[PDB]
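Architecture at a glance
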Amino acid sequence: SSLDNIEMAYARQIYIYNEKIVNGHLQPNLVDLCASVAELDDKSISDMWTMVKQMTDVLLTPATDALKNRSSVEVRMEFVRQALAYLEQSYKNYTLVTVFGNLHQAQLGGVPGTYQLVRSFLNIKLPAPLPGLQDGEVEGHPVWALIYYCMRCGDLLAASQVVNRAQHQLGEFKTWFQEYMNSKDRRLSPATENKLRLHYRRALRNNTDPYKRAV
Amino acid sequence: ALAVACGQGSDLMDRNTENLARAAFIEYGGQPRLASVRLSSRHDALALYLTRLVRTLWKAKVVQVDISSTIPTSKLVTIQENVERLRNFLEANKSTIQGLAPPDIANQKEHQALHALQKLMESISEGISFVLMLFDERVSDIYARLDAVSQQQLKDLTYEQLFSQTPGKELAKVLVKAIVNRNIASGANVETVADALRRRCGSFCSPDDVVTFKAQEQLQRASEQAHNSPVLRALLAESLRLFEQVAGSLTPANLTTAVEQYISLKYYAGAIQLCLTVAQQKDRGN
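Residues numbered from 1 in each chain as written, not as in the entry; some residues may be left out. Chains lettered and ligands numbered in written order. Part of a larger assembly, values for the part shown. Heavy atoms only, no water.

This paragraph deals with the overall build of chain B. Helices and strands together make up the secondary structure of chain B, namely 14 helices and 4 strands. A compact globule built from 286 residues would reach a C-alpha radius of gyration of about 19 Å, whereas chain B, at 24 Å, exceeds it by more than 25%. Along the first, second and third principal axes, the C-alpha atoms of chain B reach 75 × 50 × 40 Å. Scored against the burial criterion, the 286 residues of chain B give a buried share of 43%. (Helix = DSSP H or I, 4+ residues; strand = E, 2+ residues; numbered from the N terminus. Rg over C-alpha atoms; globule rule 2.2 N^0.38 Å. Buried < 20%, exposed > 50% of the residue type's maximum accessible area, 1.4 Å probe, protein only.)

Okay, unusual backbone geometry next. At A:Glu139, a residue that is not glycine, the phi angle is positive and equals roughly 50°. The exposure class of A:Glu139 is partly exposed, given its relative accessible area of 47%.

This next bit is on the layout of surface pockets. Here the largest pocket defines a volume of roughly 910 Å³. As for the largest pocket, its lining consists of 29 residues, of which B:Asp136, B:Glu137, B:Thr192, B:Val193 and B:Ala196 are closest to the centre. Elements represented by at least two residues in the lining of the largest pocket include exactly β2 (141-142) of chain A together with α5 (105-136), α9 (166-186) and α10 (190-199) of chain B. Among the elements that make up the lining of the largest pocket, the one with the highest residue count is α10(B) (5 residues). When the residues that make up the lining of the largest pocket are grouped by side-chain class, the tally is 13 nonpolar, 9 polar and 7 charged. (1 Å grid on protein atoms, 1.4 Å probe; cavity = no way out; pocket = protein on both sides within 12 Å on 5 of 7 lines; lining within 4 Å. Points joined across faces, edges and corners; volume = space filled by probe spheres on them. Nonpolar A, V, L, I, M, F, W, Y, C, P; charged D, E, K, R; others polar.)

Taken residue by residue, the interface counts 20 residues in chain A and 19 residues in chain B. Note on chain A versus chain B: buried area summed over both sides is about 1,400 Å², and carbon and sulfur give 44% of it. The three residues of chain A that bury the most area against chain B are A:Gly101, A:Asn102 and A:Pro127, which together make up 36% of that side's buried surface. At the boundary of chain A and chain B, one finds 0 salt bridges. Across the contact surface, chain A and chain B share 26 residue pairs in polar contact. (Contact = heavy atoms within 4.5 Å. Buried area = accessible area lost by both parts, 1.4 Å probe. Salt bridge = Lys/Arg side-chain N within 4 Å of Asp/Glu carboxyl O. Polar contact = N/O pair within 3.5 Å; in protein donor to acceptor, adjacent residues only side chain to side chain.)

What follows concerns a nonpolar patch on the surface. Together, A:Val80, A:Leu84 and A:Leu87 give the surface a local cluster of nonpolar side chains, amounting to about 250 Å² of exposed area. As for its placement among the helices and strands, A:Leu87 is situated in helix α5 (residues 73-99). (Patch = residues over 30% accessible without salt bridge, like charges linked within 9 Å, V, L, I, M, F, W, Y side chains within 5 Å. Areas by Shrake-Rupley, 256 points an atom, 1.4 Å probe, with all protein chains shown as cover.)

This part is about the pattern of salt bridges. Residues and elements named next belong to chain B. Inspection of the entire model under this criterion finds 16 salt bridges over all chains. With its nearest N and O atoms 2.9 Å apart, the salt bridge here joins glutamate 160 to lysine 59. The exposure class of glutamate 160 is buried, given its relative accessible area of 19%. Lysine 59 gets classed as exposed once you look at its relative accessible area, which sits at 61%.

On to the state of the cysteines, then. Residue and element names in this part refer to chain A. Applying the stated criterion to the full structure yields 0 disulfides over all chains. Note on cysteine 153: no disulfide assigned, nearest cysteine sulfur contributed by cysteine 150 at a separation of 6.7 Å. Since its relative accessible area comes to 5%, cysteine 153 is described here as buried. (Disulfide = S-S within 2.5 Å.)

On to empty space enclosed by the protein, then. Residues and elements named next belong to chain B. Empty space within the largest cavity amounts to approximately 110 Å³. Along the walls of the largest cavity sit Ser123, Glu126, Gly127, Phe130, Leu162, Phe163, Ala172, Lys173, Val176, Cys201, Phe204 and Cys205, which together make up its complete lining. Sorting the residues of the lining of the largest cavity by element identifies α5, α8 (159-164) and α9 as the ones contributing at least two each. At 4 residues, α5 tops the list of elements feeding residues into the lining of the largest cavity. Here the residues of the lining of the largest cavity sort into 8 nonpolar, 2 polar and 2 charged.

Purely spatial values, then, with no claim about function.
Here you go:
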């Protein structure tokens, strides 16, 4: 036999998918039929199929041409959101294994709230305070670090909670952020979007707080 | 004059007054002489001022056992600030004050006496920083997970002993070695508590201990993440890197605690490699 262990397992899964269509049955999820073998290998492959499923799990127009779906601005927009949701969740798992030694170890004690996780993530990745931070701290951590890694993990709510406890320090950023969390597609209104960009460009193009720049 | 030069009375022109006070401390401080030597009035003045800054501390017990501190923290801060401003004053005038710079037997013992006082000042500041660090944690928690002899030694530890006697230094080295252990259980931040102990109370902390603390950090946090599969092989592998660096300086008590944890995490082959490495670095010449 010329098929390696992995290849053979895939063949069997493709036989099922064929047996289903040959007997007229329900068209099963191919992506699921392939990830079934991935778990038998290292996670290098499992995390791939996870990306494949999430990048292909977009509302499509059945019985429509391939080129048309991929040219439509409608579909092209959802791809960006599905990827961002993968990069955010993927990073969220990196933040767990960074605090706890094993995913299992984190689970038994219970996944903490994205806020407390991020806080327990800042402890490690910045043990000493950087002298260039701005806008003070919040419960022992720089306010901008919390906002960034919360947005990076994809929990805008956890980030907005941080903002609510620093209303006086952050200035007008509150009304701007609260609009970003509300507006869909992660975009602000052109008027308000113009107000903040010009302010940042005005005197904050080079600020000593990198987290502030990023957000 | 020394006190005014250090800003005392200024809680009430002021630069010129402090500069005049400096001039009086230098010009009229006298000099050392053979009578066994008689040190200068400048030396006795420095000893008198320093003593009065710490008179409420010296003979007092550090702690009161629910353990707490004998001296309020706010008082320890002001005392430390006063000691540091005195030190800052001596450094900024190391070239103009007689006896600070190195220089016949009279001026010799004058230099030695002044040097000893300055070493006590930095030791006082380190000692105070250590006590403040201690009570920032949860001492009662640390005090519970402690042996009786060390509880008793801490019970009757005075500030004098902490500042000027080896047992205070040895006990201080035990407490720091214990607080970090506890800090890892809380697990807020290891590398911040590191840089805290590394610099301020240096000469009492050891850089080979913080790297060890960094190793025991990943070890305990590898036991925290123990349920996860792919996160440990980075924690345990990096803990192993940290241990092998301080191999020529690991205590048998730590090396054991490391191997004990490695076995819990089925990290057999790795733990063997650490012990073998610690061996070679204790005896390189074979």
